[PDB]
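J.: Need the 3D shape of this:
(chains A, B, C, D, E, F and G)
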Amino acid sequence: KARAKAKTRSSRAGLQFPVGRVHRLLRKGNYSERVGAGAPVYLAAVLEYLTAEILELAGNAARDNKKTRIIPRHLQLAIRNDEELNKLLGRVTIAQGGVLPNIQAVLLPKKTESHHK
Amino acid sequence: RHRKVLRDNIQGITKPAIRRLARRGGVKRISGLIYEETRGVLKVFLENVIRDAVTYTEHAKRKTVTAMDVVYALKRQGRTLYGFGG
Amino acid sequence: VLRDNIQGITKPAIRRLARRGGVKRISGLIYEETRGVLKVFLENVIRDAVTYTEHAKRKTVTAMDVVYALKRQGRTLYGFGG
Amino acid sequence: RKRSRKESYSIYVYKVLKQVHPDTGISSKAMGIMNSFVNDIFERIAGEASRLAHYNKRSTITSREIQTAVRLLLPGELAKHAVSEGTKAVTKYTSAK
Amino acid sequence: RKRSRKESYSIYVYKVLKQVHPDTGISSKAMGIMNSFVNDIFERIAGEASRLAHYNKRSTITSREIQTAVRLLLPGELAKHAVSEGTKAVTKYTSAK
Amino acid sequence: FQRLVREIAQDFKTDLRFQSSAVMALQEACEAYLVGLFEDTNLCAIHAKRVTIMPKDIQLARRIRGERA
Amino acid sequence: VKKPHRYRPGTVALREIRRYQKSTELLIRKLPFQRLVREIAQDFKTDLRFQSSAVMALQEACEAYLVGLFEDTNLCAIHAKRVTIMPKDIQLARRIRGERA
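T.: Residues are numbered from 1 along each chain as shown, chains lettered A, B, ... in the order given. Below is the structure:
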């Protein structure tokens, strides 16, 4: 016996997310009788990619307000300004998120407010 | 004295607060009749939510309503909420 | 001749549908818009259906695939099995 | 000294953030939001995959079912990119045990 | 001679219909509708019961869980009458084992 | 309707075959969706003190129900 | 100036719009909302207590729902060539969303 040292599957997948934790959460929760080996890697990679996308947008919005730390407002701005995420999270409320500044053009004053004598 | 502050009830949810909320919704000019109707609407929403929360509360034999029960109750009505646990 | 085949869904059929909705008067521009609208709905449904069909590695589309794909859009359907 | 242990996904998110935008931090509340978000997505996918398994009289949930669920839930190019990442990941896993 | 077996709830619907309205028939299509309906409610309730049980870390489904689920899903008086019927059923069953 | 469905499915995957009942199911779903939409649309039209429906009515209803597409 | 300075109608509302849309702080005061919650809970079950975070969560949900409703309301209003929202708009919005009342 040699007992090769304890490399982990996440490192093998080139991922940061924990494969084993997802496997555990699938076993416990009664989604199905059996679970296949390849599923949780795929699943973890999916979650990582989405998380990266969100944080990317949030960081851009953060730089717009000259703040170095991400706060919820930035996340709300990130979600609502990207079409696909808005579809995915169409019925979700972000706490302390607020809304976009969109005001309809009609209720804004007349742009023909100029030199008038 | 009969003070009963504006009713000792919902009518403490004053007009300018509703105005502020309408300002968040992009609204510019509001009629006087909106206020009462809004209150009614609010009441209805709250009722349903609280009922579900309390039902969850009754299942676990507790007398303190927790955040998690409210979140799940909000989830079943298609109004999922993030930022208060689960 | 065929006109990309959406035109098989003729105007008077749409008019009959509007009649069932309790509508009395229809502008001539509705029809084209409706066609586009319809197409979108169908597209989405079929995609989901075909995807279920593809998972079973079958080549024949079954009603149950459609039923599930409708179930996922919140337009649950009764009366065609399951 | 009863000492609890409440698990979360916080640290992984923090790692990813330091990878993508090194000079930036993130508050605790936003991390809680992201944690709830991940939990939601996990539940949706698992439920969908379960129903897919039951309809076809299969007792194993596989990567294929996950792939199918993702193609259903998500729109377009997002689905394609996610699928590509998953396929690359499983391909790397299968070889370099 | 290889041949299949398809389960349904036809007979039970027929019994109930004869009990409430002995002199009346029903077409097969409507029977199909009722079959779909029954299956849909079964799915909804079981799903809800599962979610409740999981949130309180209890591994068992009892009549209590079903009852709670019913009060959540169904409105008012309908829930009350249904609860009464189910309660009577359980009390008679446990009395007459 | 059969030919439309066959063309679209062909655009997604080739040489497919369709059970009759699936086509019927799609038929029912489409017509139910359309009538629901036209009902809400008619309400929207009456709200503007008209009796003739117009595209913006449909767009409004579709935007509110969340079927934005 | 002999006259006190006065803004024309339709500007301070805009100022309010920009201020409240740049910020995220809750608009409604805590206490009356808290009393309302307790009063309504009493009619279903007696002697209940509430954690603070649960009330805060409810407040957030209510404000988001109403905010969305006012957005839909204003669109329904604009369709009728008005700028002032009225109850029938709200009734229409709730009819279209598929809710009960």
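J.: Can you tell me which residues in chain B are near chain C?
T.: Not one residue of chain B sits near chain C, judged by C-beta under 8 Å from any C-beta of the partner chain. (Each C-beta comes from the backbone N, C-alpha and C, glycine too.)
J.: Run through the helices of chain B in chain order.
T.: B:15-24, B:34-59, B:67-76 (DSSP state H).
J.: now these as TSV including distance to chain F and mean neighbour count?
T.: Listed next are those as TSV, based on distance: least, C-beta to the nearest C-beta, whole Å; neighbours: other C-beta atoms under 10 Å in any protein chain shown:
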stretch	distance to chain F	mean neighbour count
helix B:15-24	18	18
helix B:34-59	16	18
helix B:67-76	17	21
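J.: contacting residues around the residue nearest in space to the middle of chain D?
T.: The residue lying closest to the centre of chain D (C-alpha atoms, centre = their mean) is residue D:42, at 6.1 Å. Residue D:42 sits next to A:22, A:25, A:43, A:47 when contact means C-beta atoms under 8 Å, 6 or more residues apart in numbering or on different chains.
J.: thinking again about what came up before, for residue G:41, which of the helices of chain B is the nearest?
T.: helix B:34-59 (5.7 Å; C-beta to C-beta).
J.: Is there contact, residue-wise, from that closest one to chain E?
T.: Yes. Under the criterion of C-beta under 8 Å from any C-beta, chain E is reached by helix B:34-59 at B:52, B:55-56, B:58-59.
J.: quick revisit: can I assume the residue nearest to the centre of chain D sits in a helix?
T.: Yes. Per DSSP: H, G, I helix; E, B strand; the rest coil, residue D:42 lies within a helix segment.
J.: Tell me how far it lies from residue D:36.
T.: Between residue D:42 and residue D:36 the distance is 11 Å, computed by C-beta to C-beta, to the nearest Å.
J.: Near chain D, which residues of chain B are found?
T.: Going by C-beta under 8 Å from any C-beta, the residues of chain B near chain D are B:80, B:82-83, B:85-86.
J.: Of those, which is the nearest to residue E:50?
T.: For the residues of chain B next to chain D, the nearest to residue E:50 is residue B:86 (15.7 Å; C-beta to C-beta).
J.: and the closest one, how many neighbours does it have?
T.: Look at residue B:86: counted by other C-beta atoms under 10 Å in any protein chain shown, it has 16 neighbours.
J.: in terms of contact, does it touch residue D:37 like I think?
T.: No. With contact defined as C-beta atoms under 8 Å, residue B:86 does not reach residue D:37; the gap is 10.7 Å.
J.: picking that back up, dump the helices of chain B into JSON lines; add distance to residue F:27 as well.
T.: Below are these laid out as JSON lines (distance: least, C-beta to C-beta, whole Å):
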{"stretch": "helix B:15-24", "distance to residue F:27": "44"}
{"stretch": "helix B:34-59", "distance to residue F:27": "36"}
{"stretch": "helix B:67-76", "distance to residue F:27": "32"}
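J.: And these: which comes nearest residue F:45?
T.: Residue F:45 sits nearest to helix B:34-59 of all the helices of chain B, at 23.0 Å, using C-beta to C-beta.
J.: is that closest one up against chain A anywhere?
T.: No. Figure legend: helix B:34-59 not in contact with chain A (C-beta under 8 Å from any C-beta); closest approach 13.0 Å.
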